[PDB]
C-alpha cells in the first residue's frame, strides 16, 4: 500500500568532492571502452536524431574520438549509404575527377584537354576503370580514345583504404604525380597526389577500427519489420548497432535483441532505454554489448504525460551496479546540460555519455545555414548556429578534464570508481 | 528674432516609393553604377572603415561581389598599407608558399624532399630571386657524393613563367601550349611569387561580378583622418596601390577637412578621393572644389544616434541626399549615402533620392570575413575581440539585400541604377 | 526617497559643455552670440 | 623626512601631523606599519615574485589556486616554508578535512576554504564543489589542535553570511565583489546614464 | 557503487539561534587571530582581484582593522611596489 521503492537523485542533487590530485587536466586520459571490443578516445556519442547525426556529423565526431549514430528517419538504402560514407571517408582522395570513355572522340578529347590540361583523363566504361589517356598518348598517335589510351595493364593504382604514407611511397617509387584510386572491382573511386595527401587534415584522436577506418553507428527501431534495415547496416560495415526504444524493458524489445544476437554473434549491439537494475540485467541477458540508460532523466515529457521516469544519477548507478561483473558498459543518455553533468554521469559509473540537442545546429549536423534577423540558424523552425563541432567537444572535454584534475582521477575508469559525491539541497 | 528654420527634412520612414509600369524582371535589373568618374561598381555597396567590419579579408570578399571595402585606419601605417596590397594582389588560383631549394641544396636532401612532396618541380631560389627549377626528369643520372642541384637544374632562360596579374585564361593557354603541369609566377623583378596549375585555376571560385581595375586586380579603398600628420599614411596607401582614398571626419564642411583634401588633390592629381561627411548642398559643393571624386552624405542620420542627442545637430537622410545630389548635378561626382540603413528597402530609397551608392557598417560585422574570430557562447555563435552575433558568409547578406533592391527596381520599372536615381518617385506618408 | 549619486559637478559640466562645444564646431558658431543669431534649424517629423 | 640612505622622502609640519586622519582600529605590525598581503600563483616560476614580495615587507603571503589539494600546490608551499621558516603563509583553496590537513602539513600559517561554495561556475563546468557551511566546519574540525586558523572564501552576500561563516568555525572571511566599485578599489569613476560607475 | 560521502549544507540551509545575551552589539569585540602571530581588528580580508585590491584599497582596509591582498595581475616590480 503506497509502494515507494526508494529515493532517486538527479544531476542537481549531487556534487563531486575534490580530492588529493596529481592529475593535470591537460594530461588526463579520456579514453574508455564502449564495448569489450570498441575503445573510444573521448567518452561521447551523438544521438540518432534527424537534426543531429548523419554522415557529415558522424565523420566529424569519429575524428574527435567518439562515435556518431546515423538516425533511422530515412530510407534503408540511404541510411546504409550514410554508414558507408563514414567508413570510406578519406580527406586526401579527390572524388569525381573529369573522365572519358573508350568511345570518346579525339576531337572531344582535345576540347577538354585545353580546358582541363592534358595530364591524364581516366578512361571509364560504366564506372569500371579501363585506362588513362595523356597528352603523350595523343601526340605520338596510333578515331576514338580506345585506340590511344594507356591500357589497364600499365596503370599504377592504389586501393581505397591504403594509408597515406603508403600512397606517398607508391607515387614516389612509380615516379608519378597522380595515382587513381579503385575499389575491389577496379571501379574508379578518386585519385591522390602529393599535395592532396599533404593538406588532408591530420586527426590524431580519431576513433578508427583495426583497418584504420573511422568507426560509426546506426539506429534501428525495436519493432518488427526492421530485419531488412539491420542486415543492410551490418553489410554496410557499421561498427555498432543501436536498437533503441522508449521502453527497453519491454518484452518485444528483449526478443528483438535476442534474435539479432543469434544471427550476428560478433556484432556489437547497444540496447535502450532502461532505468533500473532489472532493466539492465534483462538487456545484458538478451545479448547487448552495452546498455543505454535514460527513461525521463531530468525535469522531459515522458514524465508529464505517462508519470514515469527515474532521475539520472540513480538510474546510472543502479544499472552499473547490476552489470558489475560483466564487462558490459553503461551509457548515460539524456539530461546532459553542462560539462559538469558529463563528469557526474561518469562518476556514477557510466563509461560514455550520449548527447543530442547540444550538437544540433553545429556546422556538421543536418540542416542549412540560414540568416534570419541578423542571426545565424540551421534550418530544415530553426536552431541557433553553433559553429564547428570541434569547438564544442573542446569546451565540454575541457570541463571534464578540470573535473578529473579536481578529483585526482587520471582516467575515465578511475573517475567511475574513485570519485565521490556529496548530497546538497535546493537552497 | 525669428526661429531660423531652414526647411522641413524627411527620413526614410517618411516616404515610400511608388510602383510603376515595369518591363523589369528583378533578376534582370542592372546593379552597376559609377562610384567616381573613373571607377564603376557592379553592386552599389561599400563597407565602412570600421575596425569591426573592414580589413583585407572582408574587402576581398566584397570586391568579389562587385563592391569595394575601405580598410580602417585604426592600425599602423605599415599594417594598413599591407592590407591594401593583400587585396590588390589577391588571386586564389595561385599557390602561394611552394617548397623551394637553393643552388646549394644537396641532391640527397632533394631526394628526401621528393619523397615528401613529389618530383613535379622544386623551385630553385637564391635570396628570393628565381634562378631555376629541378624536376624528377632533371635528375636521371646516378648522383655522386655531395652533388648540388645547381649541376642538374633547368636554367632560368629555359623556364616558362607568367607575370602576376596575367588573366587566368592566358595562364591556361600557356600551361597547355607549353605542355607543362605547373607554372611559376614571378613579379616585375623576377622574384618568385607562387605557381599555378590547371587544377588550382579550376578550384578558384568564379566571381563574374568581381570589381576590378583595368589590370584585372580587385579594387580596394582605405581611410585616413583629416587631421595633420596623415601625410606619410596617405603616401604609403597610394604606393600600396589603393584605388580610392577616403578622407573622413564627423564634420566634412570643416575648413581643416577641406584643406587636407586640397593638399591631397595637389599632391595626387589622378588619385580618386572621397570626402565626408556633409548633409547640405553647400557642404557637398565645398568638398567638390577641394578636389573630391565622390561625396559622402550623413550627419546624425538615425533618430537616436549619439551625435544628434549630444550635439543637437543633424539632417534627416532623404533630404540630405537629395540636397547633395542636386548640388552636384552635371559634375559626374557621385553621392554616397552613409548610415541609418536598416533594411534593403532603405537602400532603394537612398538611390531613388539620387545617391549612386550606399555605405554599410554594422550590417556586416559578425560575418565570417569580418574581423574577430568565432566564439561559441551560451549555445550561440558570436565573433569576439563585447561580442556580436555571427552572421555567416558575406555573400549571403549581399544576396539578400540586392534581392530586395532588385525587387524594388521591378516594382518601379527602373532597369538600371541611373533610372532608379532619376525616374522613381515617392509618396509622403504619415506616422500612423 | 533617494536619488542616484552622480559624482562631482565638474564632470557633468565637462560632459555637457563638451556636447555644446561639439555643436558650435558643427554649426560654425565660435561664440554664444553667433550660435544665438547664425545657426539654423531643420524641421523634422516624428518618424 | 629621510630613509636609511639619507634620501629625501617628504616632510612634516605641525599642521600636516594635525590633519592626518586618526585610525584607532588600524591593523599594524610591531613597528606601527599597516599590515598588507600579496597573492602569487601556485605554479612554477613564481620564486622571483615571492622573493620580491617578502623583501618588500609583506606581512602574509597568499599562495592561491583553484585546487589547493593539488600535489604541485602542496609541494610549492613546502618549498616556501623551508626557505622562509618565519613567513606567514596562507594556502587555498580546499573544501575537505583532508585538504586542510594537507595544507597545514605543507606549512601553512592559515587555510583558505572555498571550492564552489554557493549556487558559481566551477560547479557548472567541472561538477565539483562543497557547500560552504560544511566545508568550513570540516576544515575547522580537521585543524582543531593546531592553532592554524580557517578563512571562509566565497559566497558571502550579506552580513548574515559573515556571522554564519564564523559560527561554523572560521576566524575571518575574505570578500571580493562586495568591494569592487568602492572609491579605493581599482578603476576610474565614470558617469554613465546619470549613474556612477568605476570603469577600467 | 554510487558513493555519496555525506550531505553538505550552505549558508541558506541554516540560521543562528538566539541565546541568553549580556552582549551589547556596540561592545562586541571583533578581533581575531589571522595566524598565530597576526591579529586582525575586524575579521575581514579583501580578495587578490585586479578589480578589488591594490595599494589604495589595501591601505584603506588595514586602517579599518583587516588586511588586503595585492592581486598578482601585474609585473613583479609593480606588485612589490604596491
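We just call them A, B, C, D and E in the order they show up, numbering each chain from 1.
The definition used in the following text is that contacts are C-beta pairs under 8 Å (C-beta built on N, C-alpha and C of every residue); 3 or more make two chains touch, one makes a residue touch a chain.
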Contacting chain C as well as chain D are chains none
Most heavily contacting pair of chains is D-E
Chain-centre distance (mean CA atoms) for chain D and chain E, in whole Å, is 7
When centres are defined as mean Cα positions, the distance from chain A to chain E in whole Å is 51
Taking each chain's centre as the mean of its CA atoms, chain A sits from chain C at a distance in Å of 64
Whole-Å distance, C-alpha centre of chain B to that of chain D, is 55
Residues in chain E with touches to at least two other chains are numbered 6-10, 13
Listed by label, touching pairs are A-B, A-D, A-E, B-C, C-D, D-E
Counting only contacts in the complex, chain A reaches chain E at residues 14-15, 17, 313-314, 317-318, 320-321, 324, 348-349, 419-425, 427
So, in the complex, the side of chain D touching chain E is made of residues 23, 25-28, 34-41, 48-49, 52-53, 55-56, 59-60, 62, 64, 88, 109-110, 117-119, 130-135, 147-149, 151, 153, 155, 157, 160-167, 170-177, 179-180, 182, 184-187, 200
The residues of chain B that touch chain A in their complex are 114-120, 136, 172, 175-176, 179, 181, 197-199, 202, 363, 366, 374, 376, 379-381, 389-392, 396-397, 400
Touching chain D in the complex, chain E uses residues 6-11, 13-14, 16, 32-54, 56-60, 62-72, 76-77, 79-82
As the complex stands, chain C meets chain D at residues 4-7, 11-12, 15
